[PDB]
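So the structure is just underneath, and the comments pick up after that.
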Amino acid sequence: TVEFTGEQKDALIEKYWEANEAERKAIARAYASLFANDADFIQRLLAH
């Protein structure tokens, strides 16, 4: 994978929560592979 800064992840997570239910499934699949070995992302998303 590629590394993202914290602010990069934030901006991405922002988009997920604004998405509707059906779209969240599309985005979460995307983010799931893209942040495989980032334990920070899950935490970062769940908080906000």
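Identifiers for the structure tokens are assigned positionally: chains receive A, B, ... in sequence, residues are indexed from 1 per chain, and ligands are indexed from 1 in the order shown.
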
Open item on the list: Quick check for you: according to DSSP on this backbone, which residues of chain A are classed as helix (DSSP H, G or I)? Reply as a ChimeraX atom specification.
Closed with: /A:6-18,21-34,39-47

Open item on the list: Give me, as a list in words, all polymer residues having an atom no more than 9 Å from segment 27-40 of chain A, counting only C-alpha atoms and skipping those fewer than 5 positions away in the same chain.
Closed with: residues 1, 2, 3, 6, 12, 13, 15, 16, 19 and 45 of chain A
